[PDB]
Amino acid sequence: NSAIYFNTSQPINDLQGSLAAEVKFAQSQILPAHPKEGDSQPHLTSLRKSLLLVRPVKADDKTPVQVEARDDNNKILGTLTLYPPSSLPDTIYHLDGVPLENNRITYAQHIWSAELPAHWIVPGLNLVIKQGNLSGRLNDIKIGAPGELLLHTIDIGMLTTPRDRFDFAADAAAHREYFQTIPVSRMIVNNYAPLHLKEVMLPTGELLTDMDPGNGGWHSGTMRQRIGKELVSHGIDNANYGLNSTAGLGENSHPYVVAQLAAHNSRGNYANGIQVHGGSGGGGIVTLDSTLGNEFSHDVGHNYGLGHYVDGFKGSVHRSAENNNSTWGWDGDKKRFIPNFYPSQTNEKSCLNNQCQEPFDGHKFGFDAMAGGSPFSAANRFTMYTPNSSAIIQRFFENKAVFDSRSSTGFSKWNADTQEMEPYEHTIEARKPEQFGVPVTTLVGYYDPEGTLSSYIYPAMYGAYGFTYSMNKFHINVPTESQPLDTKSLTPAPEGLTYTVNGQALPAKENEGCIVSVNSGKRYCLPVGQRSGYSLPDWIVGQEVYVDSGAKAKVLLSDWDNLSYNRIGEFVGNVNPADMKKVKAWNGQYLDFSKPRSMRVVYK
């Protein structure tokens, strides 16, 4: 017994030409080239590596399939030679050993595949697919904004020590696992040092010690709101926006211009004991008890503009291929599909408001993460969003501005009319960061502007990545590099504060020059006036790389160890591997610098 195919649906042609083929892309999920009538699916997100699935209407698993990609200007981007149906990526339930029958599962039969680089996924992209003498064109590809998510993590102890159970924050792989489920180009997970509050001061001017006089719970308690949410979370969000002061009561003062969320763990001593907070999110905040699984995907989901049971059954239940709201996930690092069903054969149906989705070969179909869904396996510790929710999440990111160090305003926002990221003016009067994603010391507390009395500065909060600038609530970001009716001596920041970047690597700064791994996105940066050691670090040597040079900088590369034999190539701006292969060197010849061995960063 062998081969159990998920998608047995009749392929519909998506091309204009000789070749009849169905086309699918795959980022945070498998998405169609042409969505069916009444189906809600996300479209391609700009600047994110995409799988390309080609299913010829008239099957041919033998004749080589090729893809020629062209940009808006009709310049050939590249040519790919697809993998035969036999080489189609497996499920994450597959095991290595040739004769636990999940290994039989395969997405579909007769599907050809390739990987389209991130820099191709930009509005204007057109494909020409050829299968021998046959050819077809896909020239109406919808590509959305390169969406961004900035997520802060802090563990708050309120009249107690921090819980120390923020699994997500302590696990880099979880940041990566979550990135696979959402339709963004870039995700930054910023670590804040845990906050310990032995005393708690309220905007009413009431100092607490020992316990909050009211009751607390999962969704309640005064501290949970005033401190956990407004002071800490909206404090971190507001400081990054440059707002020096806001009211000590309320959430409306938060501008929420960028998709910036401050996720926390909060527990405090109340008049009914130590109460752990959780189960909520919105307006740039996340109150998490469980930081992995459904609670994370739901709470964060709320920040994307989502409610509960989005669009009833049609929108909330994961479906088989003959239906709408049907898809499978994609793990772009593992190079494997994430099926929308549990690995166990329980023969259970998935129902909502009486409607049901029948199981796939015994496997129970999942659930949106705003309708009580849960991860399928430890392969991805997060809940898969249904195509309907994923489409809403995508629209949400596209409509948000982005912190952008290369922008004249420090911000960029998508122009749906010109199909490009354009500068966005942030208003406090114009407000622009002096420093971008630098370590930060977030100073926080309350002050009485009229006086008489009770102004209180809280202990300094320390972040790995933030933005710096030149009763009421104060929230100011100071660069940690500086070293730090009330006065308080500020403790220096602890050591190991680190942020994570998933997807698109961060851009090179003004007087900086990088080479970046096409695979991992891990950068090797040097400032202007600096060179590498004798040879580049072992990790980057032999790797497929792109150059990212700052406005005031120039990148010098050699294909030899030490910038030797005058075999130096000059790279300015953003240069891709294909444009690193025939570059004129200082020694008057054209050389390949696609696998460099030494580097130097100069001005100009």
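Heads up: residue numbers just count along the shown sequence, starting at 1.
The entry shows an unbroken chain from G124 to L125, with no unmodelled residues of the deposited sequence in between. Per the record, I428 and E429 are separated by a gap of 10 or more residues from the deposited sequence that were not modelled. In this entry, the higher average B-factor at the C-alpha atoms falls on 130-138, of the pair 130-138 and 180-188. For the pair 290-298 and 154-162, the mean Cα B-factor is higher in 154-162. Per the deposited coordinates, the residue with the largest Cα temperature factor out of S482, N502, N399, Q357 is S482. Considering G307, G366, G329, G332 together, the PDB entry gives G366 the largest C-alpha B factor. Among all modelled residues in this chain, the alpha-carbon of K488 has a temperature factor (C-alpha) in the highest third. Residue-level temperature factors show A551 in the highest third of its chain, judged at the C-alpha atom. Annotation for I227: C-alpha temperature factor in the middle third relative to the rest of the modelled chain, per the entry.
The entry lists a Cα temperature factor for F341 that places it in the lowest third of the chain's modelled residues. When the modelled residues of the chain are ordered by their C-alpha B factor, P32 lands in the lowest third.
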